[PDB]
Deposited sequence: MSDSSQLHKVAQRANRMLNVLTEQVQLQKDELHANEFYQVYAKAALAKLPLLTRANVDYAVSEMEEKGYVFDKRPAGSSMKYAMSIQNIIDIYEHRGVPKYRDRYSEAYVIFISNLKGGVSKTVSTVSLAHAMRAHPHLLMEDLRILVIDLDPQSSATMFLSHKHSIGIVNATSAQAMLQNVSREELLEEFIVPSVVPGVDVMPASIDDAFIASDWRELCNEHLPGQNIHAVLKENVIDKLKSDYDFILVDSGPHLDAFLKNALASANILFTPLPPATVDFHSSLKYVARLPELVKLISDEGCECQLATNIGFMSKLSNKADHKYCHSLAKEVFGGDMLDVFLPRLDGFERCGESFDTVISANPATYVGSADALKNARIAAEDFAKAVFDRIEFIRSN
């Protein structure tokens, strides 16, 4: 019974490791005052007018020493406050309930996680969307916790116990969710409900686990009802990311989504595997419905992901347009060195500090712009869907 023998030493080392991590436990972006004029609706004159009026009222802007005289170091919140002061409404002023996005595809490694966390940070901080003052939550439902690691700071969560899966089973109050399950990401305004390796055991025993702690509740509606419905007034966008496993987490994510996006890989074979997922989607929803709840799933938008300037890639892109037609996004996510490098250190191209970036400055810049163009394209497609 040596498995027990090694298992017991393992159990003891865990407590030793947990102590080592708990004994170890920021956005870089600021704007010069003059730089705000480049933003929509702002001018050098109206920014100075709003700034002086706010300071007269008592507001204090962030500043940082610039050699001799000290200068304004506008944070994203400072900019958002300036738009508010000037009477520009926020996104929540026209939509009164969180919209749920699920970037999904049974084929793994196609960028579900990177496009998810990039979309969240880039919508928040997009130059043209700051006036929208977006509140965004990313719910991680993959036990591998890739979204969690991208959104938090290494020595911030350390060992996570309160996970999205735990919240689903415990069925707590809006207040407890906000206070004990949700954690802020590196970019203020974007939050994450983390995941951990222990959730793999939760997924495995979902049936029985639901009978015990959630007697009578439909097994596919647990995330929507015990978590998302309680946070509907606290966020403008809620993005769910799960692993590629066709299990309870994936089904609960599907049942809670308002819209789906499918990242489409460009290599003929990966594209082929992705189409099988696209072809069986209606089958999965039917299955969910027939045995419980209905998905208020609007449409499924496709976008090429990790696209390169290669004959075969352009060819599959041609085929994707044919398959998705109108539901094809006009913007794609290019394969770029910036995404690759940031991916290595679990940074989003929006959160990576350019001063620390171990790579070409241009590569980081180009990737940020790609993420911004993709986020703007997604935001506008969603605006069209919700405005009609």
Could you please spell out the deposited residue ranges that have no C-alpha entry in the coordinates? 1 to 4, 30 to 35
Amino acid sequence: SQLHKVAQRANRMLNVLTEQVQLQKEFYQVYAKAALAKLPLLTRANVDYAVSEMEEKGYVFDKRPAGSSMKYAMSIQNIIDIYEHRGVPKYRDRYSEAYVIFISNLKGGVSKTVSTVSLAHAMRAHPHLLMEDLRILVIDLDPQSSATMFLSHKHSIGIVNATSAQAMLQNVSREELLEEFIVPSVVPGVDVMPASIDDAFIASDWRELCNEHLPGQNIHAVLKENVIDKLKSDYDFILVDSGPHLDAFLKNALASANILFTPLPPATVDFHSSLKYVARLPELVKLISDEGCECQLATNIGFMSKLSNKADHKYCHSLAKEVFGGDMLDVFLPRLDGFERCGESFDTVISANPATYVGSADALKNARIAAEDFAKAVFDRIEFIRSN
From here on, numbers count along this sequence of modelled residues.
So 159 to 167 or 253 to 261, which one's hotter by mean CA B-factor in the entry? 159 to 167
Higher of the two mean Cα B-factors (217 to 225, 73 to 81; per PDB record) comes from 217 to 225
One of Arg124, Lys107, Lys310, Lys276 has the largest Cα B-factor in the entry, namely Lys310
Per the PDB entry, maximal CA B factor within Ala34, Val358, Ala352, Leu39: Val358
Check where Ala363 lands among this chain's C-alpha B-factors and tell me if it's the lowest, middle or highest third. highest
What third of its chain, lowest, middle or highest, does the C-alpha temperature factor of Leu319 fall into? highest
Tertile call for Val100 (CA temperature factor, within chain, third-based) is the middle
Just say lowest, middle or highest third for the CA B-factor of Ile369 relative to the other modelled residues in its chain. middle
Select lowest, middle or highest to describe the third in which the CA B-factor of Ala45 falls within its chain in this entry. lowest
